[PDB]
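To be precise, the following lines are protein29.cif, and they hold mmCIF, N, CA and C atoms.
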data_start
loop_
_atom_site.label_atom_id
_atom_site.label_comp_id
_atom_site.auth_asym_id
_atom_site.auth_seq_id
_atom_site.Cartn_x
_atom_site.Cartn_y
_atom_site.Cartn_z
N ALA A 1 12.69 -19.67 17.67
CA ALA A 1 11.66 -18.93 16.93
C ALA A 1 12.26 -17.75 16.17
N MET A 2 13.03 -16.91 16.86
CA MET A 2 13.98 -15.89 16.38
C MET A 2 13.39 -14.72 15.60
N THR A 3 12.10 -14.74 15.26
CA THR A 3 11.47 -13.57 14.64
C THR A 3 10.92 -12.56 15.67
N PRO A 4 10.18 -13.01 16.69
CA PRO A 4 9.66 -12.05 17.67
C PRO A 4 10.75 -11.29 18.40
N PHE A 5 11.98 -11.81 18.44
CA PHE A 5 13.08 -11.06 19.01
C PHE A 5 13.22 -9.69 18.36
N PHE A 6 13.32 -9.66 17.03
CA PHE A 6 13.40 -8.39 16.33
C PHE A 6 12.09 -7.62 16.46
N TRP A 7 10.96 -8.33 16.29
CA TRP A 7 9.66 -7.67 16.33
C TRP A 7 9.48 -6.84 17.60
N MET A 8 9.90 -7.39 18.74
CA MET A 8 9.70 -6.73 20.02
C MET A 8 10.90 -5.90 20.47
N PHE A 9 12.09 -6.15 19.92
CA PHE A 9 13.19 -5.26 20.24
C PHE A 9 13.05 -3.91 19.56
N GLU A 10 12.23 -3.81 18.51
CA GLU A 10 11.86 -2.47 18.05
C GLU A 10 11.15 -1.68 19.16
N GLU A 11 10.18 -2.32 19.82
CA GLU A 11 9.49 -1.67 20.94
C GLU A 11 10.44 -1.41 22.10
N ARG A 12 11.37 -2.33 22.33
CA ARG A 12 12.39 -2.10 23.35
C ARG A 12 13.22 -0.87 23.03
N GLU A 13 13.53 -0.65 21.75
CA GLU A 13 14.24 0.56 21.34
C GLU A 13 13.41 1.81 21.64
N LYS A 14 12.10 1.75 21.39
CA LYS A 14 11.25 2.89 21.72
C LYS A 14 11.26 3.19 23.22
N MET A 15 11.19 2.15 24.05
CA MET A 15 11.24 2.37 25.49
C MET A 15 12.61 2.87 25.95
N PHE A 16 13.68 2.43 25.29
CA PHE A 16 14.99 3.02 25.54
C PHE A 16 15.00 4.50 25.19
N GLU A 17 14.28 4.89 24.14
CA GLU A 17 14.14 6.31 23.83
C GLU A 17 13.44 7.05 24.97
N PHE A 18 12.40 6.44 25.54
CA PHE A 18 11.75 7.04 26.71
C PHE A 18 12.74 7.23 27.86
N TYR A 19 13.51 6.18 28.15
CA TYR A 19 14.52 6.27 29.22
C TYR A 19 15.50 7.40 28.95
N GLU A 20 16.00 7.49 27.72
CA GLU A 20 16.98 8.51 27.37
C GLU A 20 16.38 9.91 27.48
N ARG A 21 15.13 10.07 27.04
CA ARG A 21 14.49 11.38 27.14
C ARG A 21 14.30 11.80 28.59
N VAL A 22 13.99 10.86 29.48
CA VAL A 22 13.78 11.23 30.87
C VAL A 22 15.07 11.38 31.67
N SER A 23 16.17 10.73 31.27
CA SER A 23 17.39 10.76 32.06
C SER A 23 18.67 11.04 31.28
N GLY A 24 18.67 10.89 29.96
CA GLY A 24 19.88 11.05 29.19
C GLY A 24 20.69 9.79 29.00
N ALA A 25 20.33 8.70 29.66
CA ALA A 25 20.98 7.41 29.49
C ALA A 25 19.95 6.42 28.98
N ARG A 26 20.34 5.60 28.01
CA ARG A 26 19.38 4.68 27.39
C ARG A 26 19.01 3.55 28.34
N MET A 27 19.99 2.95 29.01
CA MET A 27 19.70 1.79 29.85
C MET A 27 20.41 1.75 31.21
N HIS A 28 21.47 2.53 31.43
CA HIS A 28 22.06 2.67 32.76
C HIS A 28 21.68 4.06 33.26
N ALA A 29 20.50 4.17 33.86
CA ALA A 29 19.82 5.47 33.94
C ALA A 29 20.17 6.23 35.22
N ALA A 30 20.07 5.58 36.38
CA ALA A 30 20.25 6.23 37.68
C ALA A 30 19.27 7.38 37.88
N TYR A 31 18.02 7.20 37.42
CA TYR A 31 17.03 8.26 37.50
C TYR A 31 16.34 8.29 38.86
N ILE A 32 16.02 7.13 39.41
CA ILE A 32 15.28 7.04 40.67
C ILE A 32 16.27 7.13 41.82
N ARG A 33 16.17 8.19 42.62
CA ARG A 33 17.07 8.47 43.72
C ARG A 33 16.40 8.15 45.06
N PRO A 34 17.18 8.04 46.14
CA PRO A 34 16.59 7.70 47.45
C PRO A 34 15.84 8.85 48.10
N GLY A 35 15.52 9.89 47.33
CA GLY A 35 14.66 10.95 47.83
C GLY A 35 13.49 11.20 46.91
N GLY A 36 13.46 10.50 45.78
CA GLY A 36 12.48 10.74 44.74
C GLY A 36 13.03 10.37 43.38
N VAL A 37 12.98 11.31 42.44
CA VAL A 37 13.63 11.15 41.15
C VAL A 37 14.57 12.33 40.93
N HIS A 38 15.48 12.16 39.98
CA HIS A 38 16.50 13.18 39.73
C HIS A 38 15.90 14.43 39.09
N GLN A 39 15.10 14.26 38.04
CA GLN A 39 14.58 15.38 37.27
C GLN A 39 13.12 15.13 36.92
N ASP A 40 12.43 16.21 36.56
CA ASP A 40 11.05 16.11 36.14
C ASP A 40 10.96 15.65 34.68
N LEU A 41 9.78 15.18 34.31
CA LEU A 41 9.57 14.73 32.94
C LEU A 41 9.64 15.91 31.98
N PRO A 42 10.19 15.72 30.78
CA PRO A 42 10.11 16.77 29.77
C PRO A 42 8.67 16.98 29.33
N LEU A 43 8.41 18.14 28.72
CA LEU A 43 7.04 18.59 28.53
C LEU A 43 6.24 17.72 27.56
N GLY A 44 6.91 16.97 26.68
CA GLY A 44 6.18 16.18 25.71
C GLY A 44 6.27 14.68 25.89
N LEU A 45 6.73 14.23 27.06
CA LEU A 45 6.97 12.81 27.29
C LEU A 45 5.69 12.01 27.50
N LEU A 46 4.73 12.55 28.25
CA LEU A 46 3.51 11.79 28.54
C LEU A 46 2.73 11.49 27.27
N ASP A 47 2.66 12.45 26.35
CA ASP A 47 1.96 12.23 25.10
C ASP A 47 2.59 11.10 24.30
N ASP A 48 3.92 11.08 24.23
CA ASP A 48 4.60 10.03 23.48
C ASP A 48 4.46 8.67 24.16
N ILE A 49 4.46 8.65 25.50
CA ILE A 49 4.24 7.40 26.21
C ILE A 49 2.84 6.87 25.93
N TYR A 50 1.84 7.76 25.91
CA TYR A 50 0.48 7.34 25.57
C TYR A 50 0.41 6.82 24.14
N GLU A 51 1.08 7.49 23.21
CA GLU A 51 1.09 7.03 21.82
C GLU A 51 1.72 5.65 21.70
N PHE A 52 2.82 5.41 22.41
CA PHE A 52 3.45 4.10 22.39
C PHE A 52 2.55 3.03 22.98
N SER A 53 1.99 3.29 24.16
CA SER A 53 1.28 2.26 24.91
C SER A 53 -0.06 1.86 24.29
N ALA B 1 4.20 35.82 38.40
CA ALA B 1 3.28 36.18 37.33
C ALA B 1 2.81 34.95 36.56
N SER B 2 3.74 34.31 35.85
CA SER B 2 3.42 33.12 35.09
C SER B 2 3.10 31.96 36.01
N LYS B 3 2.12 31.15 35.62
CA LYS B 3 1.74 29.98 36.39
C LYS B 3 2.67 28.81 36.08
N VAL B 4 2.55 27.75 36.89
CA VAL B 4 3.41 26.58 36.72
C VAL B 4 3.06 25.87 35.42
N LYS B 5 4.07 25.24 34.82
CA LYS B 5 3.91 24.54 33.54
C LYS B 5 4.81 23.31 33.58
N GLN B 6 4.21 22.14 33.73
CA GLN B 6 4.94 20.88 33.75
C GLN B 6 4.16 19.83 32.98
N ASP B 7 4.82 18.71 32.70
CA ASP B 7 4.23 17.64 31.91
C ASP B 7 3.07 17.02 32.68
N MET B 8 1.85 17.28 32.23
CA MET B 8 0.64 16.79 32.85
C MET B 8 -0.29 16.25 31.78
N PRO B 9 -1.16 15.29 32.12
CA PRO B 9 -2.11 14.79 31.13
C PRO B 9 -3.09 15.88 30.74
N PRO B 10 -3.61 15.84 29.51
CA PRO B 10 -4.54 16.88 29.06
C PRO B 10 -5.87 16.77 29.79
N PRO B 11 -6.66 17.85 29.81
CA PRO B 11 -7.97 17.78 30.47
C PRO B 11 -8.84 16.69 29.86
N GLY B 12 -9.58 15.99 30.71
CA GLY B 12 -10.35 14.85 30.29
C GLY B 12 -9.57 13.56 30.19
N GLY B 13 -8.27 13.58 30.45
CA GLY B 13 -7.45 12.39 30.39
C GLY B 13 -7.11 11.99 28.96
N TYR B 14 -6.47 10.83 28.85
CA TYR B 14 -6.15 10.26 27.56
C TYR B 14 -7.25 9.30 27.11
N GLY B 15 -7.21 8.94 25.83
CA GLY B 15 -8.12 7.97 25.28
C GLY B 15 -7.86 6.59 25.86
N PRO B 16 -8.87 5.73 25.82
CA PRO B 16 -8.70 4.38 26.38
C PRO B 16 -7.64 3.59 25.63
N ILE B 17 -6.96 2.71 26.36
CA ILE B 17 -5.88 1.89 25.82
C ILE B 17 -6.31 0.44 25.85
N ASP B 18 -6.18 -0.24 24.71
CA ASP B 18 -6.52 -1.65 24.64
C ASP B 18 -5.41 -2.49 25.27
N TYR B 19 -5.81 -3.48 26.07
CA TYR B 19 -4.84 -4.40 26.66
C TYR B 19 -5.27 -5.86 26.58
N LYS B 20 -6.52 -6.16 26.26
CA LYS B 20 -6.98 -7.54 26.21
C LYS B 20 -6.38 -8.27 25.00
N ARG B 21 -6.26 -9.59 25.13
CA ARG B 21 -5.81 -10.41 24.02
C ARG B 21 -6.84 -10.38 22.90
N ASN B 22 -6.35 -10.28 21.66
CA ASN B 22 -7.21 -10.23 20.48
C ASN B 22 -6.70 -11.26 19.48
N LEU B 23 -7.31 -12.45 19.50
CA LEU B 23 -6.95 -13.56 18.61
C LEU B 23 -8.22 -14.01 17.90
N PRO B 24 -8.67 -13.26 16.89
CA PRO B 24 -9.94 -13.60 16.23
C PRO B 24 -9.86 -14.92 15.49
N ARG B 25 -11.02 -15.57 15.39
CA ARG B 25 -11.14 -16.83 14.66
C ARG B 25 -11.41 -16.52 13.19
N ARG B 26 -10.54 -17.03 12.31
CA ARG B 26 -10.69 -16.77 10.88
C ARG B 26 -11.99 -17.36 10.36
N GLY B 27 -12.29 -18.60 10.73
CA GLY B 27 -13.59 -19.19 10.50
C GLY B 27 -13.66 -20.19 9.36
N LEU B 28 -13.54 -21.47 9.70
CA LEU B 28 -13.84 -22.57 8.79
C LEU B 28 -13.91 -23.86 9.60
N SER B 29 -15.02 -24.59 9.48
CA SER B 29 -15.20 -25.79 10.28
C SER B 29 -14.26 -26.89 9.80
N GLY B 30 -13.96 -27.84 10.69
CA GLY B 30 -13.16 -28.99 10.32
C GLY B 30 -13.85 -29.82 9.26
N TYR B 31 -15.18 -29.92 9.38
CA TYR B 31 -15.97 -30.59 8.35
C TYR B 31 -15.75 -29.94 6.99
N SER B 32 -15.73 -28.60 6.95
CA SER B 32 -15.54 -27.90 5.69
C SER B 32 -14.16 -28.18 5.10
N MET B 33 -13.12 -28.15 5.93
CA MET B 33 -11.77 -28.41 5.43
C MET B 33 -11.65 -29.83 4.89
N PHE B 34 -12.20 -30.80 5.62
CA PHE B 34 -12.17 -32.18 5.15
C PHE B 34 -12.94 -32.33 3.85
N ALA B 35 -14.08 -31.64 3.74
CA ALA B 35 -14.88 -31.70 2.51
C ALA B 35 -14.11 -31.13 1.33
N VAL B 36 -13.43 -30.00 1.52
CA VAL B 36 -12.62 -29.43 0.44
C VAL B 36 -11.52 -30.40 0.03
N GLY B 37 -10.83 -30.99 1.01
CA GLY B 37 -9.77 -31.93 0.68
C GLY B 37 -10.27 -33.10 -0.14
N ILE B 38 -11.38 -33.70 0.30
CA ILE B 38 -11.93 -34.85 -0.42
C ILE B 38 -12.42 -34.44 -1.80
N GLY B 39 -12.98 -33.23 -1.93
CA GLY B 39 -13.43 -32.78 -3.23
C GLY B 39 -12.31 -32.61 -4.23
N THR B 40 -11.21 -31.97 -3.81
CA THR B 40 -10.06 -31.86 -4.71
C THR B 40 -9.47 -33.23 -5.03
N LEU B 41 -9.44 -34.13 -4.04
CA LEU B 41 -8.96 -35.48 -4.32
C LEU B 41 -9.81 -36.17 -5.38
N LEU B 42 -11.13 -36.06 -5.27
CA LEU B 42 -12.01 -36.71 -6.24
C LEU B 42 -11.87 -36.10 -7.63
N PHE B 43 -11.76 -34.77 -7.71
CA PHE B 43 -11.57 -34.13 -9.01
C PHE B 43 -10.27 -34.58 -9.66
N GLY B 44 -9.19 -34.62 -8.88
CA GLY B 44 -7.93 -35.11 -9.42
C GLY B 44 -8.01 -36.55 -9.86
N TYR B 45 -8.70 -37.39 -9.08
CA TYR B 45 -8.85 -38.79 -9.45
C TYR B 45 -9.59 -38.94 -10.78
N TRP B 46 -10.66 -38.17 -10.97
CA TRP B 46 -11.43 -38.26 -12.21
C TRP B 46 -10.61 -37.81 -13.41
N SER B 47 -9.92 -36.66 -13.28
CA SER B 47 -9.10 -36.18 -14.38
C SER B 47 -7.99 -37.16 -14.71
N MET B 48 -7.36 -37.74 -13.69
CA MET B 48 -6.31 -38.72 -13.92
C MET B 48 -6.84 -39.98 -14.58
N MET B 49 -8.04 -40.41 -14.19
CA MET B 49 -8.68 -41.55 -14.84
C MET B 49 -8.80 -41.32 -16.34
N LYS B 50 -9.37 -40.17 -16.71
CA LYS B 50 -9.55 -39.87 -18.13
C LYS B 50 -8.20 -39.82 -18.86
N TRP B 51 -7.23 -39.10 -18.29
CA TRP B 51 -5.95 -38.92 -18.97
C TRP B 51 -5.21 -40.24 -19.12
N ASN B 52 -5.24 -41.10 -18.11
CA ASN B 52 -4.51 -42.36 -18.20
C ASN B 52 -5.19 -43.34 -19.14
N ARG B 53 -6.53 -43.32 -19.23
CA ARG B 53 -7.18 -44.13 -20.25
C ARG B 53 -6.77 -43.68 -21.65
N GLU B 54 -6.71 -42.36 -21.87
CA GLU B 54 -6.24 -41.87 -23.16
C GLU B 54 -4.80 -42.29 -23.43
N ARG B 55 -3.95 -42.26 -22.39
CA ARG B 55 -2.56 -42.68 -22.56
C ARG B 55 -2.47 -44.17 -22.91
N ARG B 56 -3.32 -44.99 -22.29
CA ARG B 56 -3.37 -46.41 -22.65
C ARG B 56 -3.72 -46.59 -24.12
N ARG B 57 -4.72 -45.84 -24.60
CA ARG B 57 -5.09 -45.94 -26.01
C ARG B 57 -3.94 -45.52 -26.92
N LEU B 58 -3.25 -44.44 -26.56
CA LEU B 58 -2.13 -43.97 -27.38
C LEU B 58 -1.00 -45.00 -27.42
N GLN B 59 -0.70 -45.62 -26.27
CA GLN B 59 0.33 -46.65 -26.24
C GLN B 59 -0.06 -47.84 -27.11
N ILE B 60 -1.34 -48.22 -27.08
CA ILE B 60 -1.80 -49.31 -27.94
C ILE B 60 -1.60 -48.94 -29.41
N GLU B 61 -1.90 -47.70 -29.78
CA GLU B 61 -1.70 -47.27 -31.16
C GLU B 61 -0.23 -47.35 -31.57
N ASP B 62 0.67 -46.90 -30.70
CA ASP B 62 2.10 -46.98 -31.00
C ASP B 62 2.54 -48.43 -31.17
N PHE B 63 2.03 -49.32 -30.30
CA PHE B 63 2.35 -50.74 -30.42
C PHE B 63 1.83 -51.31 -31.73
N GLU B 64 0.66 -50.85 -32.19
CA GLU B 64 0.15 -51.29 -33.49
C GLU B 64 1.07 -50.86 -34.62
N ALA B 65 1.57 -49.62 -34.56
CA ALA B 65 2.51 -49.17 -35.58
C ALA B 65 3.76 -50.04 -35.60
N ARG B 66 4.30 -50.35 -34.41
CA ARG B 66 5.46 -51.24 -34.33
C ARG B 66 5.15 -52.61 -34.91
N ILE B 67 3.98 -53.16 -34.59
CA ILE B 67 3.61 -54.49 -35.07
C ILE B 67 3.52 -54.49 -36.59
N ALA B 68 2.94 -53.44 -37.16
CA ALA B 68 2.86 -53.34 -38.61
C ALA B 68 4.25 -53.28 -39.24
N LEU B 69 5.18 -52.56 -38.61
CA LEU B 69 6.52 -52.44 -39.18
C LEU B 69 7.39 -53.67 -38.97
N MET B 70 7.05 -54.53 -38.01
CA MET B 70 7.97 -55.60 -37.61
C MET B 70 8.41 -56.55 -38.72
N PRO B 71 7.54 -57.03 -39.62
CA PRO B 71 8.01 -58.03 -40.61
C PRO B 71 9.16 -57.56 -41.49
#
Take the structure I supplied and represent it as structure tokens, if you would.
Amino acid sequence: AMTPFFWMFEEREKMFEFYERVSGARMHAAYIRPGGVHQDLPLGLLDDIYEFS
Amino acid sequence: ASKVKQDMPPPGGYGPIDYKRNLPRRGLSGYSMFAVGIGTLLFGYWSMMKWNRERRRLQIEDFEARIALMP
């Protein structure tokens, strides 16, 4: 089919941006730790997640 | 002094998010599509009938010119 690959990898890029904003790594994140999470969300992340979703 | 400030949803929450499938029907019956196809076929048949009869007449005229010139 080969078109939806690009169509949806744009959205995958946006979610990689979310990952990078929350942890600094696009896809090898290591954000979720065995005590919780490493860091708190940045102040404008929830709004952008809502806009994306 | 200053109160806590962290990433939290705004008061009243966020607006609703659509998640259901949305595949609207454009709208045309199978009967309608078949009718359109047959109608264009009939129009083409009629126009071709007229044009080919005219072509037959023209060919006959050319053959008459040849026959006149033959001797």
Would you kindly identify which residues have an atom no farther than 8 Å from (10.2, 16.9, 30.3), using all atoms listed in the file and the file's own coordinates, and write them out as an mmCIF file with N, CA and C atoms, in the frame of the given file?
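Written file, result29.cif:
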data_model
loop_
_atom_site.group_PDB
_atom_site.id
_atom_site.type_symbol
_atom_site.label_atom_id
_atom_site.label_comp_id
_atom_site.auth_asym_id
_atom_site.auth_seq_id
_atom_site.Cartn_x
_atom_site.Cartn_y
_atom_site.Cartn_z
ATOM 1 N N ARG A 21 15.130 10.070 27.040
ATOM 2 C CA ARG A 21 14.490 11.380 27.140
ATOM 3 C C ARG A 21 14.300 11.800 28.590
ATOM 4 N N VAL A 22 13.990 10.860 29.480
ATOM 5 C CA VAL A 22 13.780 11.230 30.870
ATOM 6 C C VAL A 22 15.070 11.380 31.670
ATOM 7 N N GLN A 39 15.100 14.260 38.040
ATOM 8 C CA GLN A 39 14.580 15.380 37.270
ATOM 9 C C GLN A 39 13.120 15.130 36.920
ATOM 10 N N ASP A 40 12.430 16.210 36.560
ATOM 11 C CA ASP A 40 11.050 16.110 36.140
ATOM 12 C C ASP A 40 10.960 15.650 34.680
ATOM 13 N N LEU A 41 9.780 15.180 34.310
ATOM 14 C CA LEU A 41 9.570 14.730 32.940
ATOM 15 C C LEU A 41 9.640 15.910 31.980
ATOM 16 N N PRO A 42 10.190 15.720 30.780
ATOM 17 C CA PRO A 42 10.110 16.770 29.770
ATOM 18 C C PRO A 42 8.670 16.980 29.330
ATOM 19 N N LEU A 43 8.410 18.140 28.720
ATOM 20 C CA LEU A 43 7.040 18.590 28.530
ATOM 21 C C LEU A 43 6.240 17.720 27.560
ATOM 22 N N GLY A 44 6.910 16.970 26.680
ATOM 23 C CA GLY A 44 6.180 16.180 25.710
ATOM 24 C C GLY A 44 6.270 14.680 25.890
ATOM 25 N N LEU A 45 6.730 14.230 27.060
ATOM 26 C CA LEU A 45 6.970 12.810 27.290
ATOM 27 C C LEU A 45 5.690 12.010 27.500
ATOM 28 N N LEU A 46 4.730 12.550 28.250
ATOM 29 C CA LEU A 46 3.510 11.790 28.540
ATOM 30 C C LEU A 46 2.730 11.490 27.270
ATOM 31 N N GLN B 6 4.210 22.140 33.730
ATOM 32 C CA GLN B 6 4.940 20.880 33.750
ATOM 33 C C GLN B 6 4.160 19.830 32.980
ATOM 34 N N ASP B 7 4.820 18.710 32.700
ATOM 35 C CA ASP B 7 4.230 17.640 31.910
ATOM 36 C C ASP B 7 3.070 17.020 32.680
#
### Task
Residues of chain B no more than 8 Å from chain A, counting all atoms listed in the file: send them over as a list in words.
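Within 8 Å of chain A on chain B, we get residues 5, 6, 7, 8, 9, 10, 14, 15, 16, 17 and 18 of chain B.
The space between CA of residue 10 (chain A) and CA of residue 52 (chain A) spans 11.5 Å.
The space between atom N of residue 62 (chain B) and atom N of residue 43 (chain B) spans 28.8 Å.
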#### Entry: Separation of atom C of residue 51 (chain B) from atom C of residue 65 (chain B) in Å
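That distance, rounded to one decimal, is 21.2 Å.
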### Message
Using DSSP assignments from the backbone, pull out every residue in chain B that falls under alpha helix (DSSP H) and give it to me as a VMD selection string.
### Response
chain B and resid 30 to 69
Taking N, CA, C and O atoms as the atom set, what does region 38-58 of chain B look like once completed, written as a PDB file, in the coordinates of the input?
ATOM      1  N   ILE B  38     -11.380 -33.700   0.300  1.00  0.00           N
ATOM      2  CA  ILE B  38     -11.930 -34.850  -0.420  1.00  0.00           C
ATOM      3  C   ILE B  38     -12.420 -34.440  -1.800  1.00  0.00           C
ATOM      4  O   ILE B  38     -12.298 -35.205  -2.766  1.00  0.00           O
ATOM      5  N   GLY B  39     -12.980 -33.230  -1.930  1.00  0.00           N
ATOM      6  CA  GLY B  39     -13.430 -32.780  -3.230  1.00  0.00           C
ATOM      7  C   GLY B  39     -12.310 -32.610  -4.230  1.00  0.00           C
ATOM      8  O   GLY B  39     -12.411 -33.051  -5.383  1.00  0.00           O
ATOM      9  N   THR B  40     -11.210 -31.970  -3.810  1.00  0.00           N
ATOM     10  CA  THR B  40     -10.060 -31.860  -4.710  1.00  0.00           C
ATOM     11  C   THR B  40      -9.470 -33.230  -5.030  1.00  0.00           C
ATOM     12  O   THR B  40      -9.062 -33.481  -6.168  1.00  0.00           O
ATOM     13  N   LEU B  41      -9.440 -34.130  -4.040  1.00  0.00           N
ATOM     14  CA  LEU B  41      -8.960 -35.480  -4.320  1.00  0.00           C
ATOM     15  C   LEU B  41      -9.810 -36.170  -5.380  1.00  0.00           C
ATOM     16  O   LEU B  41      -9.271 -36.804  -6.298  1.00  0.00           O
ATOM     17  N   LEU B  42     -11.130 -36.060  -5.270  1.00  0.00           N
ATOM     18  CA  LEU B  42     -12.010 -36.710  -6.240  1.00  0.00           C
ATOM     19  C   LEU B  42     -11.870 -36.100  -7.630  1.00  0.00           C
ATOM     20  O   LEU B  42     -11.859 -36.821  -8.636  1.00  0.00           O
ATOM     21  N   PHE B  43     -11.760 -34.770  -7.710  1.00  0.00           N
ATOM     22  CA  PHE B  43     -11.570 -34.130  -9.010  1.00  0.00           C
ATOM     23  C   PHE B  43     -10.270 -34.580  -9.660  1.00  0.00           C
ATOM     24  O   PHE B  43     -10.241 -34.901 -10.861  1.00  0.00           O
ATOM     25  N   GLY B  44      -9.190 -34.620  -8.880  1.00  0.00           N
ATOM     26  CA  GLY B  44      -7.930 -35.110  -9.420  1.00  0.00           C
ATOM     27  C   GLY B  44      -8.010 -36.550  -9.860  1.00  0.00           C
ATOM     28  O   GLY B  44      -7.459 -36.921 -10.902  1.00  0.00           O
ATOM     29  N   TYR B  45      -8.700 -37.390  -9.080  1.00  0.00           N
ATOM     30  CA  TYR B  45      -8.850 -38.790  -9.450  1.00  0.00           C
ATOM     31  C   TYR B  45      -9.590 -38.940 -10.780  1.00  0.00           C
ATOM     32  O   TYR B  45      -9.190 -39.735 -11.633  1.00  0.00           O
ATOM     33  N   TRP B  46     -10.660 -38.170 -10.970  1.00  0.00           N
ATOM     34  CA  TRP B  46     -11.430 -38.260 -12.210  1.00  0.00           C
ATOM     35  C   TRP B  46     -10.610 -37.810 -13.410  1.00  0.00           C
ATOM     36  O   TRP B  46     -10.572 -38.484 -14.454  1.00  0.00           O
ATOM     37  N   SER B  47      -9.920 -36.660 -13.280  1.00  0.00           N
ATOM     38  CA  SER B  47      -9.100 -36.180 -14.380  1.00  0.00           C
ATOM     39  C   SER B  47      -7.990 -37.160 -14.710  1.00  0.00           C
ATOM     40  O   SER B  47      -7.703 -37.416 -15.894  1.00  0.00           O
ATOM     41  N   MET B  48      -7.360 -37.740 -13.690  1.00  0.00           N
ATOM     42  CA  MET B  48      -6.310 -38.720 -13.920  1.00  0.00           C
ATOM     43  C   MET B  48      -6.840 -39.980 -14.580  1.00  0.00           C
ATOM     44  O   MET B  48      -6.169 -40.559 -15.430  1.00  0.00           O
ATOM     45  N   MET B  49      -8.040 -40.410 -14.190  1.00  0.00           N
ATOM     46  CA  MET B  49      -8.680 -41.550 -14.840  1.00  0.00           C
ATOM     47  C   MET B  49      -8.800 -41.320 -16.340  1.00  0.00           C
ATOM     48  O   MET B  49      -8.363 -42.147 -17.151  1.00  0.00           O
ATOM     49  N   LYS B  50      -9.370 -40.170 -16.710  1.00  0.00           N
ATOM     50  CA  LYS B  50      -9.550 -39.870 -18.130  1.00  0.00           C
ATOM     51  C   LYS B  50      -8.200 -39.820 -18.860  1.00  0.00           C
ATOM     52  O   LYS B  50      -8.028 -40.446 -19.921  1.00  0.00           O
ATOM     53  N   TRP B  51      -7.230 -39.100 -18.290  1.00  0.00           N
ATOM     54  CA  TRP B  51      -5.950 -38.920 -18.970  1.00  0.00           C
ATOM     55  C   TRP B  51      -5.210 -40.240 -19.120  1.00  0.00           C
ATOM     56  O   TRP B  51      -4.612 -40.500 -20.175  1.00  0.00           O
ATOM     57  N   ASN B  52      -5.240 -41.100 -18.110  1.00  0.00           N
ATOM     58  CA  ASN B  52      -4.510 -42.360 -18.200  1.00  0.00           C
ATOM     59  C   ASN B  52      -5.190 -43.340 -19.140  1.00  0.00           C
ATOM     60  O   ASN B  52      -4.514 -44.138 -19.799  1.00  0.00           O
ATOM     61  N   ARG B  53      -6.530 -43.320 -19.230  1.00  0.00           N
ATOM     62  CA  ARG B  53      -7.180 -44.130 -20.250  1.00  0.00           C
ATOM     63  C   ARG B  53      -6.770 -43.680 -21.650  1.00  0.00           C
ATOM     64  O   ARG B  53      -6.491 -44.510 -22.531  1.00  0.00           O
ATOM     65  N   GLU B  54      -6.710 -42.360 -21.870  1.00  0.00           N
ATOM     66  CA  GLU B  54      -6.240 -41.870 -23.160  1.00  0.00           C
ATOM     67  C   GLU B  54      -4.800 -42.290 -23.430  1.00  0.00           C
ATOM     68  O   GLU B  54      -4.446 -42.646 -24.560  1.00  0.00           O
ATOM     69  N   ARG B  55      -3.950 -42.260 -22.390  1.00  0.00           N
ATOM     70  CA  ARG B  55      -2.560 -42.680 -22.560  1.00  0.00           C
ATOM     71  C   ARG B  55      -2.470 -44.170 -22.910  1.00  0.00           C
ATOM     72  O   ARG B  55      -1.629 -44.570 -23.715  1.00  0.00           O
ATOM     73  N   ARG B  56      -3.320 -44.990 -22.290  1.00  0.00           N
ATOM     74  CA  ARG B  56      -3.370 -46.410 -22.650  1.00  0.00           C
ATOM     75  C   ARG B  56      -3.720 -46.590 -24.120  1.00  0.00           C
ATOM     76  O   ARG B  56      -3.092 -47.390 -24.831  1.00  0.00           O
ATOM     77  N   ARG B  57      -4.720 -45.840 -24.600  1.00  0.00           N
ATOM     78  CA  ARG B  57      -5.090 -45.940 -26.010  1.00  0.00           C
ATOM     79  C   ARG B  57      -3.940 -45.520 -26.920  1.00  0.00           C
ATOM     80  O   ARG B  57      -3.676 -46.169 -27.943  1.00  0.00           O
ATOM     81  N   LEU B  58      -3.250 -44.440 -26.560  1.00  0.00           N
ATOM     82  CA  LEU B  58      -2.130 -43.970 -27.380  1.00  0.00           C
ATOM     83  C   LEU B  58      -1.000 -45.000 -27.420  1.00  0.00           C
ATOM     84  O   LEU B  58      -0.395 -45.231 -28.475  1.00  0.00           O
TER      85      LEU B  58
END
